[PDB]
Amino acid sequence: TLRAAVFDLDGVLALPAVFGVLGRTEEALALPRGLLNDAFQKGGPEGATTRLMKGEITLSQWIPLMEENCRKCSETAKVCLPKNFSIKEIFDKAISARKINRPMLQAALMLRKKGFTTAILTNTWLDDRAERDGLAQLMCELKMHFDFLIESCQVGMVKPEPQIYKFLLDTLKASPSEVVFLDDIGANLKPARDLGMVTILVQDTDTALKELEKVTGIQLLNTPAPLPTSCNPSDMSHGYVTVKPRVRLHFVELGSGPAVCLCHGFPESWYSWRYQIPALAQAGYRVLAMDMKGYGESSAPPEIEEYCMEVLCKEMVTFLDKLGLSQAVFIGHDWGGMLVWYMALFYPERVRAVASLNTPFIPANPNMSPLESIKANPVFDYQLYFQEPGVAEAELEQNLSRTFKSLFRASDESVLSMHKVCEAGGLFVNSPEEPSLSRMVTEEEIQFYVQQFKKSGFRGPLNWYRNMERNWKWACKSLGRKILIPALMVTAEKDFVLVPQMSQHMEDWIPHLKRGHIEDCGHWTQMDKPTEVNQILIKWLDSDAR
């Protein structure tokens, strides 16, 4: 009975296999058949390539030895290689051309999701080439999805030597009959079979996945489109910056490249961006996913004025100052989307680019009090319910699990009217005491939000809505400005509060505005449509954020 799956790298998790490309080179070069593949394999266990794979020597040391094998193979062949022949060029090009076999990785992902222990077992080298980062990046992306990565050059043993298979078994804490072993090399597959392991010879991926599906009894082929990679909170780098004597800001950080500062809405967390963080880091960006002031591990002072846009924006500037960042791309959702527009208007020199999910940019009306403005729109009634200190805190804090379960739902499954909230006397007045679980979230994810909110509750978060007059007075100073830095407005078709139509006049104030639109998407954009959000943000970032 299987509980472990082992995958080779070359020709299994990454395509294409070496022997094929060495073959391709022989042909492109009109060289005698198999000469390159032959010099590569020269001396077998005692040869230069085995020493490389065992970690005795580096890739740069192996290059001249492979060169010497090529000449000697050519000498016996009664052949002469040209004067433009480079092993370095051939190998640089081949390593660079090799990409993750996405459907193979998906099957490994599904197996692990079903409780399998997964591992990569590979005959690899110690790469010290000037271009080593390309391979480093590939191994980084691949390895995160597996329980174990066993590299021949690290353990000093190679396939097909029996000890590596015994090493693999000892690592897995499994007896061989509990293991599926996938390899594209028949010779490297035999020792695993000898031990009684289930083996799959990998030629074309589809056939290999059909065999894998049959042996495991788990659907791997033709499955629905998977969700993007999420975040395990305990596996993240957690950062903390004191922005002022009583205020510290917490954030989760992943990746390298231009800083992308993610600003959640109400009543959320850095964790609301769980589906965006790995994708954006994988796309070549340094992600800083904030716990906004009043939330999670960030400070939550009680004073209402601590949460006006002017103070919040000033603190975000100090946050960048303390981190040594002259700029960051600012991406916000809901209340975070509002902050992000104000960061663009007031601190454009610190904003590389600005993007908002659902939250439109609407200039302050200097001829109408913000309270009058909110009253004009029936859907903003919940904002009035939030005004009175203590009222919404008591309802929202009564049962945290009910709060997040009632709030976090797709457009298809709501239990909340958002209609005449004050008149009804609550957000959850006609809501079940034990709401069902939305298709959007797992119980574990609800529990994370529950645990986060146990620290400071809803006072600081609700305070974000309690500065309408102060925010209005400050926003009025920006009335003659326009947003001329790169900007993206992302609307959600089924957000019944932050309706797409509310963003319709944005081009009057952001003339070069770029747009994204998500169909059949509710208010909780990031978890509702993670794949689409990722696609829109990465595409916009690569074209406009540099």
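Definition used throughout: the rigid core is the maximal C-alpha set that superposes within 1.5 Å between two forms. Numbers follow the displayed sequence, beginning with 1.
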property: 407-415 against 460-468 - segment lying farther from this form in 9 other deposited structures of this protein (CA RMS, rigid core fit); result: 407-415
property: Between stretches 518-526 and 11-19, more displaced by Cα RMS in 9 other deposited structures of this protein (rigid core superposition); result: 11-19
property: Comparing 184-192 with 118-126, the one whose average Cα B-factor in the PDB entry is higher; result: 184-192
property: Given 36-44 and 53-61, the range whose Cα B-factors average higher in the PDB entry; result: 36-44
property: Out of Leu149, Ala97, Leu288, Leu138, residue topping the C-alpha B-factor column of the entry; result: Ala97
property: Highest-ranked of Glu393, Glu445, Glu310, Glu423 once sorted by CA temperature factor in the record; result: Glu423
property: Ranked against its chain, the third holding the CA B-factor of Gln387; result: middle
property: Where the record places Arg248 (Cα B-factor, split into thirds across the chain); result: lowest
property: Chain thirds of CA B-factor: placement of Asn534; result: middle
property: CA B-factor placement of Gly11, once the chain's modelled residues are sorted into thirds; result: middle
property: Lowest, middle or highest third - CA B-factor, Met343; result: lowest
